[PDB]
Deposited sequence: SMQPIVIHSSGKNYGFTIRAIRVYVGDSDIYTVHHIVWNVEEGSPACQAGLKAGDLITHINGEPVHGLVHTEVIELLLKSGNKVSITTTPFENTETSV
């Protein structure tokens, strides 16, 4: 962390907005997930993985940003981009 991707075109991945619901409730949290990583791509080489939640692009937090805003961050990045990711699973400890 972060994942550094060097491009010569594209980075080679797609992202999707998700909602994660708790139990049977209507309450959710909003995230951006790496949906697919093309094999042989800079993103694939760099170790970016499908299912990874993105928290930052080039150090900028994606919290509160809508899908198109995140895409825009990736597009203006140009040739090299840094992506901070976190596991998509429970990371907390109960006592």
| property | result |
| --- | --- |
| Coordinate gaps, deposited numbering | 1 to 2, 11 |
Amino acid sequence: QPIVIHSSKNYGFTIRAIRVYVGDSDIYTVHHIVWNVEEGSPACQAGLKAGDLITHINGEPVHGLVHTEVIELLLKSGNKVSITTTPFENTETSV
From here on, numbers count along this sequence of modelled residues.
{"property": "Comparing 53 to 61 with 25 to 33, the one whose average Cα B-factor in the PDB entry is higher", "result": "53 to 61"}
{"property": "Stretch with the higher entry mean CA B-factor, where the candidates are 14 to 22 and 81 to 89", "result": "81 to 89"}
{"property": "Chain thirds of CA B-factor: placement of residue 73", "result": "middle"}
